[PDB]
Amino acid sequence: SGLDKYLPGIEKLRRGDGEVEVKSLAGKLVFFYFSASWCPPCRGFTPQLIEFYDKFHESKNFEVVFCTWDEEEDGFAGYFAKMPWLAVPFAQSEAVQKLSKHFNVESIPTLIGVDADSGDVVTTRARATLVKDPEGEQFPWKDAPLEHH
């Protein structure tokens, strides 16, 4: 895929106490969710993305991949246990730290959605738009063309 740029060499992701192949994300919009258990504004945003996800990840053809800023593995494990989507393994935090820099993530929560097939960036403002569009009437909230982000 186009995700090789963002998760170089990462062939699988965690899902629950299992694993899924990255290649299984083809054709979907893939949201990188930068968050952590210790982050105060993240605690109330997570459930709101969980509700959206449970509703629409199959019909709206998207996936969400937790990219943790947790540094303690029990914090990460505990937060990931409440989530219904995928994560970059805690053992591959270095890949998350590099992606965080790649997208200039300055604070969390932050959600970035990219096309899994081409790797283009489709939206960088979904954390701000989701809370005002719970039903996803403007999803995927594309970033406005012809500008900078």
# chains A, B, ... in the order shown; residues from 1 in each chain; ligands from 1
call {"tool": "residues_around", "arguments": {"residues": "residue 72 of chain A", "least_positions_apart": "4", "cutoff": "10 Å", "atoms": "only C-alpha atoms", "output": "PyMOL selection string"}}
result
chain A and resi 37-38+76-77+90
call {"tool": "write_last_selection", "arguments": {"atoms": "C-alpha atoms", "output": "PDB file, in the first residue's frame"}}
result
ATOM      1  CA  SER A  37      -3.918   7.348  28.632  1.00  0.00           C
ATOM      2  CA  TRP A  38      -2.184  10.153  30.525  1.00  0.00           C
ATOM      3  CA  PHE A  76      -0.942   1.784  26.816  1.00  0.00           C
ATOM      4  CA  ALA A  77      -2.349  -1.760  27.332  1.00  0.00           C
ATOM      5  CA  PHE A  90       3.846  -0.836  21.979  1.00  0.00           C
TER       6      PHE A  90
END
call {"tool": "closest_residue", "arguments": {"among": "A:144, A:86, A:36, A:131", "to": "residue 52 of chain A", "atoms": "only C-alpha atoms"}}
result
A:131
call {"tool": "residues_around", "arguments": {"residues": "residue 127 of chain A", "least_positions_apart": "2", "cutoff": "6 Å", "atoms": "only C-alpha atoms", "output": "ChimeraX atom specification"}}
result
/A:110-111,125,129-130
call {"tool": "write_last_selection", "arguments": {"atoms": "C-alpha atoms", "output": "mmCIF file, in the first residue's frame"}}
result
data_model
loop_
_atom_site.group_PDB
_atom_site.id
_atom_site.type_symbol
_atom_site.label_atom_id
_atom_site.label_comp_id
_atom_site.auth_asym_id
_atom_site.auth_seq_id
_atom_site.Cartn_x
_atom_site.Cartn_y
_atom_site.Cartn_z
ATOM 1 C CA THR A 110 -5.005 14.300 16.937
ATOM 2 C CA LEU A 111 -6.514 12.252 14.133
ATOM 3 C CA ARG A 125 -8.842 17.928 11.170
ATOM 4 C CA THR A 129 -14.754 18.074 13.045
ATOM 5 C CA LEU A 130 -15.993 14.770 14.528
#
call {"tool": "residues_around", "arguments": {"residues": "residue 18 of chain A", "least_positions_apart": "2", "cutoff": "12 Å", "atoms": "only C-alpha atoms", "output": "PyMOL selection string"}}
result
chain A and resi 12-16+20-21+81+84-87+89
call {"tool": "write_last_selection", "arguments": {"atoms": "N, CA and C atoms", "output": "PDB file, in the first residue's frame"}}
result
ATOM      1  N   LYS A  12       1.980  -6.015  10.249  1.00  0.00           N
ATOM      2  CA  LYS A  12       0.738  -6.333  10.964  1.00  0.00           C
ATOM      3  C   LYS A  12       0.525  -5.313  12.108  1.00  0.00           C
ATOM      4  N   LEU A  13      -0.698  -5.228  12.570  1.00  0.00           N
ATOM      5  CA  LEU A  13      -1.156  -4.369  13.660  1.00  0.00           C
ATOM      6  C   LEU A  13      -1.897  -5.209  14.699  1.00  0.00           C
ATOM      7  N   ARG A  14      -1.971  -4.724  15.948  1.00  0.00           N
ATOM      8  CA  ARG A  14      -2.749  -5.420  16.937  1.00  0.00           C
ATOM      9  C   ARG A  14      -4.244  -5.135  16.682  1.00  0.00           C
ATOM     10  N   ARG A  15      -5.059  -6.120  16.976  1.00  0.00           N
ATOM     11  CA  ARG A  15      -6.520  -5.857  17.017  1.00  0.00           C
ATOM     12  C   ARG A  15      -6.958  -6.720  18.201  1.00  0.00           C
ATOM     13  N   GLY A  16      -7.406  -6.133  19.313  1.00  0.00           N
ATOM     14  CA  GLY A  16      -7.747  -6.961  20.469  1.00  0.00           C
ATOM     15  C   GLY A  16      -6.546  -7.726  20.991  1.00  0.00           C
ATOM     16  N   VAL A  20      -3.728  -8.193  12.826  1.00  0.00           N
ATOM     17  CA  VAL A  20      -4.342  -8.114  11.498  1.00  0.00           C
ATOM     18  C   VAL A  20      -3.214  -7.698  10.567  1.00  0.00           C
ATOM     19  N   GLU A  21      -3.290  -7.943   9.280  1.00  0.00           N
ATOM     20  CA  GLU A  21      -2.233  -7.618   8.363  1.00  0.00           C
ATOM     21  C   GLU A  21      -2.434  -6.204   7.920  1.00  0.00           C
ATOM     22  N   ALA A  81      -7.062  -1.676  25.561  1.00  0.00           N
ATOM     23  CA  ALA A  81      -8.109  -2.591  25.944  1.00  0.00           C
ATOM     24  C   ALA A  81      -9.483  -1.964  25.848  1.00  0.00           C
ATOM     25  N   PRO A  84     -11.767  -0.479  20.131  1.00  0.00           N
ATOM     26  CA  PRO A  84     -12.316  -1.608  19.315  1.00  0.00           C
ATOM     27  C   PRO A  84     -11.526  -1.723  18.031  1.00  0.00           C
ATOM     28  N   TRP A  85     -10.514  -0.852  17.823  1.00  0.00           N
ATOM     29  CA  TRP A  85      -9.808  -0.793  16.539  1.00  0.00           C
ATOM     30  C   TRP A  85      -8.365  -1.330  16.670  1.00  0.00           C
ATOM     31  N   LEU A  86      -7.474  -0.827  15.769  1.00  0.00           N
ATOM     32  CA  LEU A  86      -6.151  -1.466  15.729  1.00  0.00           C
ATOM     33  C   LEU A  86      -5.148  -0.560  16.462  1.00  0.00           C
ATOM     34  N   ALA A  87      -3.973  -1.178  16.666  1.00  0.00           N
ATOM     35  CA  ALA A  87      -2.882  -0.286  17.168  1.00  0.00           C
ATOM     36  C   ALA A  87      -1.527  -0.726  16.584  1.00  0.00           C
ATOM     37  N   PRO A  89       1.952  -1.825  17.617  1.00  0.00           N
ATOM     38  CA  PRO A  89       2.412  -2.416  18.813  1.00  0.00           C
ATOM     39  C   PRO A  89       3.258  -1.441  19.668  1.00  0.00           C
TER      40      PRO A  89
END
call {"tool": "atom_distance", "arguments": {"atom1": "atom CA of residue 57 of chain A", "atom2": "atom CA of residue 71 of chain A"}}
result
27.9 Å
call {"tool": "residues_around", "arguments": {"residues": "residue 8 of chain A", "least_positions_apart": "3", "cutoff": "10 Å", "atoms": "only C-alpha atoms", "output": "list in words"}}
result
residues 3, 4, 5, 11, 95 and 99 of chain A
call {"tool": "write_last_selection", "arguments": {"atoms": "N, CA, C and O atoms", "output": "PDB file, in the first residue's frame"}}
result
ATOM      1  N   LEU A   3       0.474   2.780   2.708  1.00  0.00           N
ATOM      2  CA  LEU A   3       0.827   2.977   4.129  1.00  0.00           C
ATOM      3  C   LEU A   3       2.289   2.723   4.464  1.00  0.00           C
ATOM      4  O   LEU A   3       2.824   3.122   5.540  1.00  0.00           O
ATOM      5  N   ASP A   4       3.010   2.033   3.515  1.00  0.00           N
ATOM      6  CA  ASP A   4       4.459   1.813   3.728  1.00  0.00           C
ATOM      7  C   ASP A   4       5.189   3.092   4.095  1.00  0.00           C
ATOM      8  O   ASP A   4       5.952   3.166   5.092  1.00  0.00           O
ATOM      9  N   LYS A   5       4.895   4.241   3.527  1.00  0.00           N
ATOM     10  CA  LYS A   5       5.497   5.516   3.868  1.00  0.00           C
ATOM     11  C   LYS A   5       5.328   5.854   5.362  1.00  0.00           C
ATOM     12  O   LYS A   5       6.237   6.329   6.054  1.00  0.00           O
ATOM     13  N   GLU A  11       4.110  -4.916   8.854  1.00  0.00           N
ATOM     14  CA  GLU A  11       3.188  -5.768   8.125  1.00  0.00           C
ATOM     15  C   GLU A  11       1.940  -6.111   8.900  1.00  0.00           C
ATOM     16  O   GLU A  11       0.944  -6.451   8.257  1.00  0.00           O
ATOM     17  N   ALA A  95       8.297   3.685  15.614  1.00  0.00           N
ATOM     18  CA  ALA A  95       7.573   4.017  14.386  1.00  0.00           C
ATOM     19  C   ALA A  95       6.462   5.085  14.667  1.00  0.00           C
ATOM     20  O   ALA A  95       6.207   5.981  13.869  1.00  0.00           O
ATOM     21  N   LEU A  99       6.222   8.696  13.066  1.00  0.00           N
ATOM     22  CA  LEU A  99       5.019   9.220  12.273  1.00  0.00           C
ATOM     23  C   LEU A  99       4.516  10.524  12.881  1.00  0.00           C
ATOM     24  O   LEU A  99       4.031  11.460  12.240  1.00  0.00           O
TER      25      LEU A  99
END
call {"tool": "closest_residue", "arguments": {"among": "A:121, A:88, A:29, A:128", "to": "residue 67 of chain A", "atoms": "only C-alpha atoms"}}
result
A:88
call {"tool": "atom_distance", "arguments": {"atom1": "atom CA of residue 26 of chain A", "atom2": "atom CA of residue 73 of chain A"}}
result
29.1 Å
call {"tool": "closest_residue", "arguments": {"among": "A:132, A:43, A:28, A:142", "to": "residue 82 of chain A", "atoms": "only C-alpha atoms"}}
result
A:43
